[PDB]
Amino acid sequence: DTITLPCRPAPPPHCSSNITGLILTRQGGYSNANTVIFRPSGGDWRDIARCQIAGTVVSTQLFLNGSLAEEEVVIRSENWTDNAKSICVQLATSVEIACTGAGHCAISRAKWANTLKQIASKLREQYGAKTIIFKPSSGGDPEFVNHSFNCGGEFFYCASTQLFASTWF
Amino acid sequence: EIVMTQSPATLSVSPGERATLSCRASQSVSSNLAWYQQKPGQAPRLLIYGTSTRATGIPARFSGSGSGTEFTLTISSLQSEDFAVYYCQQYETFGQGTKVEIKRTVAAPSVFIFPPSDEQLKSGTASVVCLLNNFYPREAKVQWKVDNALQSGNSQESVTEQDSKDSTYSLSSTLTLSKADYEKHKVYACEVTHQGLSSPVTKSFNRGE
Amino acid sequence: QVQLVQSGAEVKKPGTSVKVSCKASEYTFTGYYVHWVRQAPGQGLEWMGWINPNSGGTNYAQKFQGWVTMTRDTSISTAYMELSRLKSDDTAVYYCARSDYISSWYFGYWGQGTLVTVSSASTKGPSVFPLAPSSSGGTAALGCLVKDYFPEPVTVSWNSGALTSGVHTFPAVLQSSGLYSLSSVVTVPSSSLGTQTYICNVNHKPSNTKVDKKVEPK
Ligand SMILES: *[C@@H]1O[C@H](CO)[C@@H](O)[C@H](O)[C@H]1NC(C)=O
Ligand SMILES: *[C@@H]1O[C@H](CO)[C@@H](O)[C@H](O)[C@H]1NC(C)=O
Ligand SMILES: *[C@@H]1O[C@H](CO)[C@@H](O)[C@H](O)[C@H]1NC(C)=O
């Protein structure tokens with residue numbers, strides 16, 4: 001089983017990349033419960049650029065062909081208590097995304113679940129032993145509400161809604 | 001959930017004196033705290049940021065301090081425009097606010113009572129007004145007795161802002177009854193308890209007299 | 001100079017939705033975050049969320065998630081705040097604030113605020129009743145009762161501005177019926193009763209009602 005992401009236009013098969021990192025925004029407020037909610041970053045290119053874990057590919061919500069961590073996932077932030085500051089997530093082992101060329105790119109469900117589980121473990125380290133929830137993007141312009149990237153002179157928009165629908169304990 | 005607690009809820013300061021406002025965080029937070037001033041009818045104005053840095057144009061008498069879970073705003077010498085509501089802020093969370101009011105000598109209220117007008121009785125409703133005029137401090141107790149029976153849930157109180165000239169308060173308590181209920185009883189009274197009165201003052205009238 | 005100008009006050013039936021504007025000027029609109037803060041009548045300040053004007057990304061407080069939508073129009077430098085399925089709890093003044101620098105939380109600039117009243121009541125003019133003096137030393141008290149009007153505000157004047165000293169006009173109170181009510185009172189010398197006429201001038205702009213009521217002893 002794989003996670004299928006709708007992409008427009010159709011990314012050619014040679015644009016398949018390695019997911020090496022993520023950038024997230026922690027939701028503000030509180031729910032009177034031991035839950036912490038994270039979404040794909042609501043910032044702009046400034047948040048992405050300052051992570052410093054990106055490659056030559058220009059991408060949003062996901063670092064493609066970027067730097068990888070050595071041993072385990074590493075999360076960084078300029079201020080963990082400032083929800084206006086994005087959280088840079090650097091994977092240790094990348095997750096491959098395969099674009100068939102018919103308008104959708106695929107991701108291994110089991111491999112993506114394990115990486116999310118590792119990130120939630122590291123997030124619990126910075127915010128206490130709490131429930132970690134991933135939710136889709138809060139909204140924005142198409143290049144930021146979607147996972148976007150450049151490849152061979154073209155720009156592609158992929159809906160990352162299915163990539164953040166999990167709850168972890 | 002970080003909670004910012006400001007004390008006191010209301011700060012009474014004699015004009016020209018020093019005022020100290022407190023702001024306590026539930027858990028230890030970074031020294032990124034801001035103080036805002038809000039006069040009535042206006043948006044908040046930034047006073048301090050970074051826990052000790054004045055915003056541009058803010059008079060030197062405002063100073064900020066604190067670290068960890070305790071933060072303090074200090075006004076060296078209160079002035080007329082300085083009496084307002086003050087909020088401390090850390091990221092997304094605000095304090096409930098502290099109101100700095102003018103502290104003057106105790107003034108006893110002058111108590112008046114008004115029977116409902118006959119025109120209002122024609123509409124099937126009756127309103128009895130008890131008035132407390134030009135008193136300080138704001139703390140006052142007003143109770144309604146109808147045939148010596150204490151009233152509950154059928155009165156509303158309105159309080160004016162501190163007077164611009166003598167810094168006193170005025171209060172009105174309105175008892176709302178139907179015309180049927182109003183004419184079932186004879187004597188209507190309000191009991192006023194205030195610090196400036198040696199014993200509580202009662203104003204009463206007999207219906208129809 | 002840098003300023004934020006918000007849309008006018010609105011009165012909304014419960015369950016509807018309202019959209020509030022916030023136009024920015026004299027600065028680079030896309031370079032600073034825009035936050036929305038609401039203040040219930042007499043209560044404190046509550047943060048609802050921020051929007052990145054450069055990208056349109058948003059971060060809402062968990063209380064308002066699913067009820068608030070924040071957008072912007074970079075061309076006209078305007079930020080929009082929409083609240084859906086309004087409740088009486090949502091009656092407040094809604095402010096837009098701008099960060100001192102990029103994404104700071106030091107709100108050095110604020111809008112004038114937009115008042116949103118959520119109520120099922122319809123526009124209704126006030127009924128004015130006298131508070132006649134009767135029988136405190138040499139001083140007598142009289143006033144007017146302004147009852148059952150919607151919405152706010154109501155202005156009160158005595159003797160067309162000739163009588164100002166000793167006048168107290170209390171803030172309006174919201175009755176259980178959804179209608180506002182207030183009183184205006186004045187203290188006058190007892191000797192002036194029966195020789196000086198006292199008239200309270202009540203105006204209610206939303207209903208175009210204007211009442212001049214004479215208050216008479218006994
Ligand atoms: C990422 O790397 C792969 C393998 O080198 C390459 O084929 C692909 O085009 C790269 N992705 C992008 C978006 O350029
Ligand atoms: C991803 O990384 C692997 C090595 O881990 C490399 O062989 C491959 O070319 C990279 N790109 C893709 C698209 O798999
Ligand atoms: C991060 O927070 C610290 C205090 O912990 C503050 O000094 C610093 O300026 C903040 N960094 C930002 C706002 O980029």
# chains A, B, ... in the order shown; residues from 1 in each chain; ligands from 1
call {"tool": "residues_around", "arguments": {"residues": "segment 95-106 of chain C", "least_positions_apart": "6", "cutoff": "6 Å", "atoms": "only C-alpha atoms", "output": "list in words"}}
result
residues 91 of chain B; 31, 32, 33, 34, 35, 36, 37, 38 and 113 of chain C
call {"tool": "select_by_dssp", "arguments": {"residues": "segment 33-95 of chain A", "states": "strand (DSSP E or B)", "output": "list in words"}}
result
residues 35, 36, 37, 38, 39, 40, 59, 63, 64, 74, 75, 76, 87, 88, 89, 90, 91, 92, 93, 94 and 95 of chain A
call {"tool": "interface_residues", "arguments": {"of": "chain C", "to": "chain B", "cutoff": "9 Å", "atoms": "only C-alpha atoms", "output": "PyMOL selection string"}}
result
chain C and resi 43-49+61+95+104-113+127-134+136+140-142+145+168-173+175+182-183+185+187
call {"tool": "residues_around", "arguments": {"residues": "residue 33 of chain A", "least_positions_apart": "2", "cutoff": "12 Å", "atoms": "only C-alpha atoms", "output": "ChimeraX atom specification"}}
result
/A:29-31,35-37,130-132 /B:1 /C:62
call {"tool": "select_by_dssp", "arguments": {"residues": "segment 21-186 of chain B", "states": "alpha helix (DSSP H)", "output": "list in words"}}
result
residues 118, 119, 120, 121, 179, 180, 181 and 182 of chain B
call {"tool": "write_last_selection", "arguments": {"atoms": "C-alpha atoms", "output": "tab-separated table (two decimals), in the first residue's frame"}}
result
chain	number	residue	atom	x	y	z
B	118	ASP	CA	-47.23	55.82	35.94
B	119	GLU	CA	-46.47	55.90	32.20
B	120	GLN	CA	-44.24	52.83	32.53
B	121	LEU	CA	-46.91	51.05	34.58
B	179	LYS	CA	-46.95	45.34	37.01
B	180	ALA	CA	-48.79	42.40	38.57
B	181	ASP	CA	-45.89	41.56	40.89
B	182	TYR	CA	-45.17	45.23	41.63
call {"tool": "atom_distance", "arguments": {"atom1": "atom CA of residue 153 of chain B", "atom2": "atom CA of residue 174 of chain C"}}
result
14.1 Å
